[PDB]
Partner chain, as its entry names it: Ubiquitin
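First, one chain by itself: the form solved without its partner chain, in structure tokens.
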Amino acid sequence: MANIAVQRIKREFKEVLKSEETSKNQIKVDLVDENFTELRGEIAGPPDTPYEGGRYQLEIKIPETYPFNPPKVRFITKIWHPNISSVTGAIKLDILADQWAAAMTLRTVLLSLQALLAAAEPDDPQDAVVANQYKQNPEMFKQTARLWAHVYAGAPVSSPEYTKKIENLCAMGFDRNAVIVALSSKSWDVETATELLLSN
């Protein structure tokens, strides 16, 4: 890579390593290749959110034009959030698009993603189905996000009323992961979730 990009990523990688937030296990970044062009990120779910106790891994690709264009970031760990695709992990956030500034760093990108988890913007969604659930039934969204944090991100056990519906459909012979996606997507309507599973 160009020297300006190598120096920036080197500096920013070490800043994260020595940061207060890494020492409190809030954020982390690790190398994948050798030329600093792909990194692996990790953030903790913010406290007092459904993601609390979960850890989320991030795919980070540094462009040849860095620092004048943002890193491409994607959620490896599946998450239930209006601004992150529950299928691909793609992120809708302005600093990763038009509001990137060259002064931004890996550290502030990681901290900004943690802030996004704590404060969704459902009117600028990446996942229309999740954003609709967030706005129409906040409590259902919260418990569903807690469930996904537990199942995919290592968070503590989620609510028992939702586990009951999961077991009912698993008792029908369906895969537990597909049952979770179907019930989450159908806002926990057992009948439409069953029909979706019966057509997979």
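Positions refer to the first chain, counted from 1.
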| item | value |
| --- | --- |
| Of 24-32 and 148-156, the stretch whose C-alpha atoms average the higher B-factor in the entry | 24-32 |
| Entry-level comparison of average CA B-factors, 45-53 and 66-74, reporting the higher stretch | 45-53 |
| Largest Cα B-factor, entry values, listed residues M140, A131, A171, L58 | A171 |
| Third of the chain's Cα B-factor distribution that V16 belongs to, per the entry | middle |
| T192 - which third its CA temperature factor falls in, relative to the rest of the chain | highest |
| CA B-factor ranking of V181, expressed as a third of its chain | lowest |
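Just so you know, the form solved in complex with its partner chain exists too; it's not on screen, but the next bit is about it.
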property: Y162, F36, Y152, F174 - the one with a heavy atom within 4.5 Å of its partner chain in the deposited complex; result: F174
property: Partner contact for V190 in the deposited complex: its partner chain, 4.5 angstroms, heavy atom; result: yes
property: Stretch in contact, per heavy atom within 4.5 angstroms of its partner chain in the deposited complex, of 54-62, 166-174, 28-36, 144-152; result: 166-174
